[PDB]
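The working numbering puts the first residue of the sequence shown at 1255, with every later residue one more than the last.
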Amino acid sequence: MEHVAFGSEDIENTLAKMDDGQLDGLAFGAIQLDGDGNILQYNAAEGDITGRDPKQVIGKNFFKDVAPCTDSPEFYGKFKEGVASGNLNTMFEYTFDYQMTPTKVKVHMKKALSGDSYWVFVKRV
Ligand SMILES: *C(=O)/C=C/c1ccc(O)cc1
């Protein structure tokens, strides 16, 4: 395991040092998105929660292609306000239900350290 707690205050500093292999050792799901919502990184824990194959979803658009249930003011709307303003730090519960058993999760979205990149962190609740 790579020990990092979900919700930690300096999580973007800690994860800036990790390659794809180290991201797969986290205890929670982690997705890195660019400012258009395309998936740059997607770890093994996220694939275990959602059933998606991490290697196949890289390069797809999260809001248009992979996760249409997040195309809503409650999720995508918060993301796009964050990208526009250049700052984002929000945590909320949500249900993922597209082509899968509905699964309740806690989501934490936070701007990365790398300029136009954004994290989505996910844990079961
Ligand atoms: C709703 O369509 C949610 C889908 C989803 C959430 C998170 C993922 O990693 C993959 C699909």
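Just so you know, even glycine gets a beta-carbon here, dropped at the ideal spot from N, CA and C.
_Three-state secondary structure assigned by DSSP to residue 1314_ = Residue 1314: coil per DSSP, three-state reduction.
*With DSSP run on the structure shown, which of helix, strand or coil describes residue 1376?*
Taken through DSSP and simplified to helix, strand or coil, residue 1376 comes out as strand.
*Report all residues from its chain with a CB closer than 7 Å to the CB of residue 1261; omit the five preceding and five following residues, and keep chain order.*
Answer for residue 1261: 1345 and 1362, listed in chain order.
_Enclosing alpha helix (DSSP H) for residue 1330 [first to last residue]_ = Taken as a continuous stretch (DSSP letters only), the alpha helix (DSSP H) holding residue 1330 covers 1330 to 1339.
*Give me the Cβ distance between residue 1314 and residue 1293, rounded to the nearest whole Å; I'm assuming they're in contact under 8 Å.*
Contact check for residue 1314 and residue 1293: beta-carbon distance about 6 Å, within the 8 Å limit, so the pair qualifies.
_Per-residue DSSP class, three states only, for residue 1298_ = Three-state DSSP puts residue 1298 in a helix.
*For residue 1255 versus residue 1283, is the C-beta spacing smaller than 8 Å?*
Going by C-beta atoms, residue 1255 is not nearer than 8 Å to residue 1283.
*Taking buried to mean at least 16 other C-beta atoms within 10 Å of its own C-beta, is residue 1349 buried or exposed?*
An exposed status is given to residue 1349, since fewer than 16 other beta-carbon atoms sit within 10 Å of its beta-carbon.
*Residue burial classification, residue 1306 (beta-carbon count within 10 angstroms, cutoff 16)*: Around the beta carbon of residue 1306, 16 or more other beta carbons sit within 10 angstroms, so the residue counts as buried.
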